[PDB]
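Below is one structure, written out as structure tokens; comments come after it.
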Protein chains: 4
Amino acid sequence: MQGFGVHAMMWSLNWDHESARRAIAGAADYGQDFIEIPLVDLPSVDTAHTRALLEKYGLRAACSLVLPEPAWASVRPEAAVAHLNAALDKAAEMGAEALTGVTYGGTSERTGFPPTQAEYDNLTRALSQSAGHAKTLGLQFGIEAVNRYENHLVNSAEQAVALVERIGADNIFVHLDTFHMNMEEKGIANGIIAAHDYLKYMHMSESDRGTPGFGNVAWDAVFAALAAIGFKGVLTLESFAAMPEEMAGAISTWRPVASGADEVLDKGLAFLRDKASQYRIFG
Amino acid sequence: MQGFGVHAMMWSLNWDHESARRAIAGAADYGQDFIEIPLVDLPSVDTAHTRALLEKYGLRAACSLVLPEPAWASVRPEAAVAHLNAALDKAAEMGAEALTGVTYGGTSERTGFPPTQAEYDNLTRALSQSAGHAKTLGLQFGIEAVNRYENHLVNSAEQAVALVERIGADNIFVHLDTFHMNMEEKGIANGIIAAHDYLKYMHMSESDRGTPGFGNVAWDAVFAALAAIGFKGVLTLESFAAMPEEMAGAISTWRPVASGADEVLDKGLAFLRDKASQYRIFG
Amino acid sequence: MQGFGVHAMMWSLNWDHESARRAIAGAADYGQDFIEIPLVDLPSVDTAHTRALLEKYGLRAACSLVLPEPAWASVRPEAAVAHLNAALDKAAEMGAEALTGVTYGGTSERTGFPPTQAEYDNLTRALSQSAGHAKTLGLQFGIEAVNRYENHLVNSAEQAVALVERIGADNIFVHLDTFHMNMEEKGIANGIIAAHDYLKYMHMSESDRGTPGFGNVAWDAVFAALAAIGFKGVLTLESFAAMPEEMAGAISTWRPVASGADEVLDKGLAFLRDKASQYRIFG
Amino acid sequence: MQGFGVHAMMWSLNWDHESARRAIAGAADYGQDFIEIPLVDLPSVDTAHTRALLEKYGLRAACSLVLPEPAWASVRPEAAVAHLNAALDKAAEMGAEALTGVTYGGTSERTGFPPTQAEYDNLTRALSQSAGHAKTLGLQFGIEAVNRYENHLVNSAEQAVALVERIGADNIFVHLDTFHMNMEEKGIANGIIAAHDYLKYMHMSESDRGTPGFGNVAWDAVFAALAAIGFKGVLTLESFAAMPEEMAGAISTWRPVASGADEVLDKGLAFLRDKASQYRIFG
Ligand SMILES: [Mg+2]
Ligand SMILES: [Mg+2]
Ligand SMILES: [Mg+2]
Ligand SMILES: [Mg+2]
Ligand SMILES: [Mg+2]
């Protein structure tokens with residue numbers, strides 16, 4: 001998996017038939033190599049229709065998700081293995097090449113206490129079996145580290161690496177998010193250096209979830225480190241600029257993040273492509 | 001109020017006789033002008049004792065708090081005023097010069113929706129009552145903007161500024177926190193510039209609540225902005241280095257933030273002092 | 001004198017009838033407010049022609065120069081005055097509103113020693129009289145600080161400020177250059193802050209003379225300081241991407257600075273615009 | 001060679017008996033692994049005295065120089081070889097482990113033209129010769145890139161690496177300077193990344209030659225790239241704070257650079273120590 005990507009939420013929150021087409025056509029109009037397709041309601045996604053659309057527009061894809069609370073692997077690992085295996089099935093039917101995201105828990109998961117060894121044991125056994133199922137399907141399996149307000153289990157790149165190393169599956173990769181690294185990494189580039197050869201997917205996201213290039217992420221440090229470790233994964237723009245006010249509660253966003261999704265695709269995709277070139281990413 | 005401050009959390013977050021002695025003498029060993037005292041249990045504070053220790057060490061003080069849920073001003077403004085007024089009576093007894101912090105709601109407050117006009121009506125009237133009560137005691141009243149995960153009402157400097165102008169008191173100041181601006185401000189210095197008329201207090205906190213100078217906050221942009229608007233207030237360090245594991249739920253940190261408090265105090269107060277000199281912060 | 005500007009060197013430094021139209025038409029095409037016209041060989045300037053082009057394309061102009069060695073003001077102030085007064089004449093005929101740049105010495109000036117009392121007295125007397133000649137014409141007069149390898153007299157913003165105060169003329173402004181500031185200012189924002197009373201003109205130039213936004217200049221600090229001091233003048237793009245190799249010696253530049261002037265124009269101009277909008281530079 | 005170093009110029013540029021003592025005791029007092037010994041006037045450097053001091057204080061050493069004009073290698077390669085070999089003889093006698101710096105030319109060298117093939121031909125043969133002499137003495141040989149105003153031949157790390165690869169000698173390393181990279185590298189970390197195969201020595205110097213951490217150098221990007229390429233080498237502090245006013249012409253510095261070598265050693269070495277530990281520079 002290598003090239004530039006855009007998250008489908010730049011257009012669509014749902015994945016009905018038309019939403020799928022509008023997002024896929026848009027990502028192709030912006031010359032992306034990948035679209036990242038969110039899986040929120042597994043019954044509702046038509047895998048054959050999505051595969052046809054991708055073929056029409058010469059686009060590749062990865063899927064992402066967040067485990068629903070009944071499937072949180074830290075307490076209910078068997079429900080997680082079922083839900084992730086189900087997700088991997090529809091990913092592989094779609095033509096996607098990986099499932100990534102918060103594949104290990106929730107984005108409002110707290111126990112109130114530091115993460116325990118019994119929790120990390122459930123995670124290890126849950127992710128071990130599903131990545132296995134991913135391997136039988138030829139898919140890769142990602143783990144996105146997120147900030148301490150969303151999850152208590154995987155916050156820093158170091159914790160994601162330690163999880164991957166314990167499972168021992170060569171088809172699991174570490175997935176980092178510049179919005180979350182901005183809070184969690186002691187110097188954002190240190191997240192990328194810790195991940196090193198496990199790092200195969202990035203969410204390139206401004207510090208306010210707006211337009212990359214216009215916030216607090218130290219993009220030179222980020223691209224310095226991706227270049228120095230020889231990064232050859234996917235760089236996917238993640239922004240909240242097209243989120244309606246209804247989505248507020250699910251994403252903890254209470255006021256507009258940018259002027260509009262048009263501005264974010266125009267300027268944010270070109271910024272990521274021009275920084276990639278300055279630092280000879282994929283060179 | 002002008003000068004350098006350190007939050008008492010660097011030595012404890014209880015405020016019994018012993019914790020007060022340890023924190024106040026600690027802040028004096030480090031040549032601070034101010035200590036920031038958190039008011040967590042109003043019936044338990046020995047205000048007279050604190051006052052005598054402050055005079056003994058020649059230390060000045062600000063008080064800060066977070067409103068408990070029964071008193072969140074957005075939904076229960078009468079309860080907010082009764083609590084804020086009692087906290088102000090304690091601050092004045094100790095000899096503090098201001099009450100600041102999350103004085104309008106909680107740090108775990110959500111409605112699931114963006115802030116509505118009736119919630120701001122409630123905030124405006126509750127803070128205008130209590131700012132008046134603070135005025136009768138000779139104290140100033142502060143509003144600290146925090147990030148979207150802790151609160152949905154006052155996130156950006158502009159919001160804080162617009163709320164001050166609505167209340168129309170002359171003893172209310174805006175209070176910014178670089179850890180929170182690192183998420184909420186579209187370029188951190190834009191927060192300081194927006195508040196140029198009302199900014200009188202800063203929390204100088206690193207992007208991970210660790211040691212200032214060793215994270216992702218753009219300190220040169222922060223200090224340039226403080227210098228250019230002619231900042232005339234307090235620069236208080238805030239870090240979670242002294243926080244034991246048992247506090248993890250109340251602060252949502254599940255990983256140590258630094259080596260030890262002694263290191264944060266040593267390295268962080270020196271960094272802030274050196275950046276202050278470089279940018280001529282107090283003349 | 002307010003808005004965005006591009007230096008004519010983006011097209012060519014020659015200013016015959018062909019070069020002026022191309023440069024002025026090019027500057028209009030990119031929506032600029034000002035073009036900076038270099039005055040090099042004075043007798044080859046048709047100024048009525050240039051004034052016609054300007055008012056046809058709706059463009060304003062400032063003129064810039066460097067003193068040639070026999071007119072260096074530190075040692076030959078009378079020759080400085082006559083040369084400056086002659087540049088001011090043709091600048092006025094063109095309808096430019098200001099003459100700026102290294103109006104006080106050379107870009108290869110060096111005595112081997114720190115600048116002396118007597119050298120500054122020569123500068124003062126020379127610029128004092130030429131600034132008065134500019135006043136009768138309606139022109140403003142600028143002093144551009146440059147780095148220690150090009151000049152030994154005006155390197156820092158505070159030097160420029162002290163010189164302007166010394167001269168006592170109300171029509172001289174400080175001109176600063178982000179490329180030179182990157183070497184001379186102890187934290188680039190401190191030059192902008194120090195000049196805050198007299199700063200009316202900027203050279204927005206990347207650290208390698210390439211494309212602004214793709215080097216080592218800390219643009220968030222630059223723009224934060226501009227906004228916070230309430231900057232009102234012109235922001236002019238300076239870059240060497242159009243210079244042929246025969247210019248190498250004249251600009252101490254031994255390798256290409258970028259991959260073409262069209263790229264620097266398209267990407268660099270839009271970067272200065274988006275940054276200005278982010279920090280709300282012009283309201 | 002591996003560890004932290006400091007330039008003897010922080011104490012003196014003369015290397016007589018008491019300056020050698022002053023500087024070596026001084027470096028040892030700040031816990032340095034290395035001291036960099038300038039070689040300027042060869043017949044006055046006592047080698048037995050210097051070697052004895054180094055072993056008493058547990059200090060290792062590198063020597064450095066600039067070629068005097070009669071021996072610039074680009075135009076007089078036989079003369080360069082003589083001067084380099086004699087300097088190498090002194091360095092070996094002192095106990096030093098390498099000769100580095102501007103070993104291919106001068107710091108006010110310029111033809112007025114971009115560098116030519118024939119010039120690089122002379123460098124290649126002269127450096128080939130003397131690096132083989134250095135090999136006979138058990139020394140490595142360094143080449144330091146400097147900025148376009150000091151030298152027209154070796155400005156970017158890329159040029160350094162190409163030269164090193166042409167000569168083909170297993171004891172030549174690349175040596176970079178953050179002060180010079182801040183001008184020459186399009187994004188400062190790109191130079192470190194370009195040299196990843198041959199980078200074994202850094203001058204850690206602020207953008208104004210003052211105190212590292214209080215200027216314009218992007219230290220997070222610098223230390224990140226160093227970490228990510230797995231740097232094993234020397235991080236040597238370089239600053240002009242201790243240099244008398246009579247030395248202005250040699251270093252093109254016309255005004256004070258910081259506030260004294262004392263503050264520069266104290267705060268700068270502290271800043272490099274803390275940055276080095278943040279990014280885990282040596283494991
Ligand atoms: Mg993400
Ligand atoms: Mg009233
Ligand atoms: Mg705070
Ligand atoms: Mg300029
Ligand atoms: Mg050097």
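Below, read A as the first sequence line, B as the second, and so on, with proteins coming before strands; counting in each chain starts at 1. In listed order, ligands and their atoms are each counted from 1. In what follows, every heavy atom counts, from backbone to side chain, and hydrogens, waters and symmetry copies are set aside.
Shown are the protein N/O/S atoms under 2.8 Å from the Mg ion (ligand 4), given by residue and atom: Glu144(C) OE2, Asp177(C) OD2, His203(C) ND1, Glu238(C) OE1.
For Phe173(C), the ring-ring contact (aromatic ring centres under 6.0 Å, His included) criterion is met by no residue, not counting sequence neighbours. Partners of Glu238(D) by salt bridge (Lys or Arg N to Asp or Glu O under 4.0 Å), not counting sequence neighbours, listed by chain and number: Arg209(D). For the salt bridge (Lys or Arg N to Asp or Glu O under 4.0 Å) test, residues two or more places apart in sequence or in another chain that qualify with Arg148(B) are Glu184(B).
Contact of the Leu163(D) side chain with the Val154(D) side chain is registered, since non-hydrogen atoms from C-beta on lie closer than 4.5 Å. Using a 4.5 Å cut-off on side-chain heavy atoms (C-beta onward), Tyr201(D) and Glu144(D) make no contact.
Atom NZ of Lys200(D) is surrounded by 12 or fewer heavy atoms from other residues, nucleotides or ligands within 6.0 Å.
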